[PDB]
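K.L.:
below you'll find the sequence and an experimental structure to go with it.
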Amino acid sequence: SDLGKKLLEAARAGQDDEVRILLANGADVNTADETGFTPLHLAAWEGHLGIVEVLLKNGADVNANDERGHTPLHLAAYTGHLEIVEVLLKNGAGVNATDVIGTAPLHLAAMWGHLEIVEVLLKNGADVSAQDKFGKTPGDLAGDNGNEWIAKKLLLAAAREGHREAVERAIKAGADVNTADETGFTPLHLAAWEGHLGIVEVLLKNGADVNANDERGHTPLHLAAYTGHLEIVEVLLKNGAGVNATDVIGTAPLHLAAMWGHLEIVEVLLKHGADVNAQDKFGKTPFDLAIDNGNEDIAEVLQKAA
């Protein structure tokens, strides 16, 4: 096992050239010392991007467990090397790998304040509601530690993915219910777009702006009529959400509801009192967009109202 101890000292030191000589000689790429660290762990700790790509292309397991239950992704979120976190994820690493306590890479990335590391985990399907042994969520790890900006980015991912439990606790921690992302989507937009009704009423009960606009003037009432979730449009209109509100292109929720074929939504929009006369920037009424699309039932229902 002399080739493995010199491989661990070469992968930790950063001499990538000695790794090439020893791997071509037949050294095990997944040799574990007394602690269980594979060369992929030590290279992800010291931050040598060159050695990691060599170990991953010859057959190093991307989910190598040490004695403490740390995968190379767990050590990649703790050090803060953004370039190393995405290389492991593209090879098929565990986005929600647990620790001895149950700590996932989403927990460690939000604990030390690595925002760009937290953002890449959320793209690869990370569970924000993942719980460890003590009952602390990355939303709790972010709001208590003092990283309120990371708590906003974590609250937004929870409303988009659909984890209802990890939301009200962050509001109890002082999180902003009207916080927006890069495009302006509040958690009210993300909850009505994916069709997860459970946050729509509880976020509405705390005091979220129902007629809030994004960077392009899109209110959450527009998104509810687009996907066709009728049970969400009824709750939004119950509180007095703007039904005649349009975006920068003049697109009303009636324009979106008539394009995709949602008869039960078009009726409830006409129930609260919406004008068919509204047009977009192309001079197109909800009647004309339903004719070319291939959906005549909506065109006939508004024709009876016109």
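P.N.:
Nice, thanks for sending it over. Numbers count the residues shown, from 1 in each chain.

K.L.:
remind me, longest helix of the chain?
P.N.:
Longest helix of the chain, by residue count under DSSP state H: helix 148-161.

K.L.:
can you list the buried residues in that one?
P.N.:
Using 16 or more other CB atoms under 10 Å as the test for burial, helix 148-161 gives 150, 151, 152, 153, 154, 155, 156, 157, 158, 159, 160, 161. Any C-beta I mention is one placed from the backbone N, CA and C, and that applies to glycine too.

K.L.:
once you drop chain neighbours, what's closest to the fifth one?
P.N.:
What sits nearest to residue 154 in space, not counting adjacent residues and going by CB to CB, 6 or more residues apart in numbering, is residue 139, at 5.0 Å.

K.L.:
same check, this time on the third one
P.N.:
Leaving aside its chain neighbours, residue 152 sits nearest to residue 179 (4.3 Å; criterion: CB to CB, 6+ apart).

K.L.:
same question for the second one.
P.N.:
Distances taken as CB to CB, 6+ apart place residue 142 nearest to residue 151, at 4.0 Å, with adjacent residues excluded.

K.L.:
one step back: which strands and helices lie in contact with the strand or helix carrying the residue nearest to residue 154?
P.N.:
Here residue 139 sits within helix 138-145, counting by DSSP states H and E. Helix 138-145 is packed against helix 105-111, helix 148-161, helix 165-172, with contacts defined by 3 or more CB pairs under 8 Å, 6 or more residues apart in numbering; DSSP states H and E.

K.L.:
list the buried residues for the next helix or strand after the first one?
P.N.:
By that I understand helix 105-111. Toward the C-terminus, helix 105-111 is succeeded by helix 115-123 as the next helix or strand (DSSP H and E). Under the neighbour-count criterion of 16+ other CB under 10 Å, helix 115-123 has 117, 118, 120, 121, 122 buried.

K.L.:
correct me, but the residue nearest to residue 154 touches residue 153?
P.N.:
No. In this structure, residue 139 is not within contact of residue 153 by CB atoms under 8 Å, at 10.2 Å.

K.L.:
so what sits against both of those two?
P.N.:
Common contact partners of residue 139 and residue 153 (CB atoms under 8 Å, 6 or more residues apart in numbering): none.

K.L.:
ok, back up a step: determine which of the helices and strands packed on helix 138-145 approaches residue 270 most closely.
P.N.:
Checking the helices and strands packed on helix 138-145 against residue 270 by CB to CB gives helix 148-161 as the closest, at 29.0 Å.

K.L.:
what packs against whichever helix or strand residue 201 is part of?
P.N.:
In this structure, residue 201 is located in helix 197-206 according to DSSP H and E. On a contact count with 3+ CB pairs under 8 Å, 6+ apart, helix 197-206 meets helix 165-172, helix 187-194, helix 230-238.
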